[PDB]
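Asker: So I pulled this structure from the PDB, and the sequence comes with it:
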Amino acid sequence: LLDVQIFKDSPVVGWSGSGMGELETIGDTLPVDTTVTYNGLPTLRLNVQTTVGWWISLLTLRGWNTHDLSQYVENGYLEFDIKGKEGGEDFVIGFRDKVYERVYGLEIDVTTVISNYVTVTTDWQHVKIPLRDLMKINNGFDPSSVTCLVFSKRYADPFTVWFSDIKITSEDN
């Protein structure tokens with residue numbers, strides 16, 4: 001099964017923001033860092049600048065269109081490389097779907113905290129998050145209509161992380 005690239009080398013269509021502007025954004029999306037690189041490509045900067053409160057970052061899989069990831073849930077992963085400005089950074093991480101017929105939630109999120117899957121250091125670490133740990137929650141969430149990867153506030157504390165090569169993979173055939 002083909003990889004589903006979320007971030008590679010350029011700005012990602014989506015929406016990022018916050019109540020007071022604590023989250024750093026440009027054109028309502030995450031900044032791409034060209035000074036901090038990894039594997040000869042730019043990185044994606046998630047940076048909350050002050051304390052305050054809510055923030056959210058949506059990164060589309062296919063420009064807001066739904067993407068069928070149902071064949072990917074069994075054994076698939078969410079893979080990316082990450083490093084922090086100091087270490088031990090934590091935030092909510094997950095996925096959002098869209099189902100117009102589902103009256104109790106046109107869009108449902110399935111989320112976890114990133115510290116469950118990786119302790120962030122000032123060094124690059126490759127982390128894999130199994131889709132079965134999120135996309136099986138009895139939420140009404142539909143893995144065949146996934147629009148976005150989601151980052152959101154867990155704590156009010158300011159941090160900065162960098163992402164590299166964000167992708168959905170499945171070693172299934």
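Answerer: Looks like it arrived, so ask away. Numbers count the residues shown, from 1 in each chain.

Asker: When you work out contacts or count neighbours from here on, use the C-alpha atoms and nothing else.
Answerer: Noted.

Asker: can you pull the buried residues of the top strand by length along the chain?
Answerer: In the chain, with assignment by DSSP state E, the single longest strand is strand 159-169. Using 16 or more other Cα atoms under 10 Å as the test for burial, strand 159-169 gives 159-169.

Asker: cool, stretch 79-88 as well?
Answerer: Quick answer for stretch 79-88 (16+ other Cα under 10 Å): 79-84.

Asker: before we move on, what about stretch 64-83?
Answerer: 64, 66-67, 69, 72-74, 76-83.

Asker: Same question for stretch 2-21.
Answerer: 3-4, 6-9, 11-18.

Asker: Stretch 128-148 too?
Answerer: For stretch 128-148, burial by neighbour count (16+ other Cα under 10 Å) applies to 128-131, 134-135, 140-148.

Asker: Pull the most distant pair out of the residues you listed.
Answerer: 128 and 140 (24.0 Å; Cα to Cα).

Asker: Out of the buried residues of strand 159-169, the closest to residue 120 would be?
Answerer: Lowest distance from residue 120 to the buried residues of strand 159-169 (Cα to Cα) belongs to residue 161, with 8.7 Å.

Asker: is that closest one in a bridge, and if so with what?
Answerer: Counting by DSSP bridges, residue 161 forms beta bridges with residue 46, residue 84.

Asker: how close does it get to residue 8?
Answerer: Here the criterion is Cα to Cα, to the nearest Å. By it, residue 161 lies 16 Å from residue 8.

Asker: do residue 67 as well
Answerer: From residue 67 to residue 8 the distance is 18 Å (Cα to Cα).

Asker: thinking again about what came up before, distance to residue 38 added to the buried residues of strand 159-169, as JSON lines?
Answerer: Shown next, in JSON lines, are the buried residues of strand 159-169 (distance: Cα to Cα, whole Å):
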{"residue": "159", "distance to residue 38": "20"}
{"residue": "160", "distance to residue 38": "16"}
{"residue": "161", "distance to residue 38": "13"}
{"residue": "162", "distance to residue 38": "10"}
{"residue": "163", "distance to residue 38": "9"}
{"residue": "164", "distance to residue 38": "7"}
{"residue": "165", "distance to residue 38": "9"}
{"residue": "166", "distance to residue 38": "12"}
{"residue": "167", "distance to residue 38": "15"}
{"residue": "168", "distance to residue 38": "19"}
{"residue": "169", "distance to residue 38": "19"}
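
Asker: on that earlier part again, quick one: contacts of the longest strand of the chain?
Answerer: 1-8, 38, 42-49, 72, 76-85, 89 (Cα atoms under 8 Å, 6 or more residues apart in numbering).

Asker: Restrict it to CA atoms and write it as PDB.
Answerer: Taking C-alpha atoms only, strand 159-169 is exported to PDB below (Å, rounded to 0.1, in the frame of the first residue of the first chain):
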ATOM      1  CA  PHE A 159       7.200  24.800  23.500                       C
ATOM      2  CA  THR A 160       8.700  24.300  20.000                       C
ATOM      3  CA  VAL A 161       9.100  21.100  18.000                       C
ATOM      4  CA  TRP A 162      10.100  20.200  14.500                       C
ATOM      5  CA  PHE A 163       8.600  17.600  12.300                       C
ATOM      6  CA  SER A 164      10.100  15.700   9.300                       C
ATOM      7  CA  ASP A 165       8.600  13.300   6.700                       C
ATOM      8  CA  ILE A 166       5.100  13.000   8.100                       C
ATOM      9  CA  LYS A 167       3.400  10.100   6.400                       C
ATOM     10  CA  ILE A 168       0.800   7.300   6.700                       C
ATOM     11  CA  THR A 169       2.300   3.900   5.900                       C
END
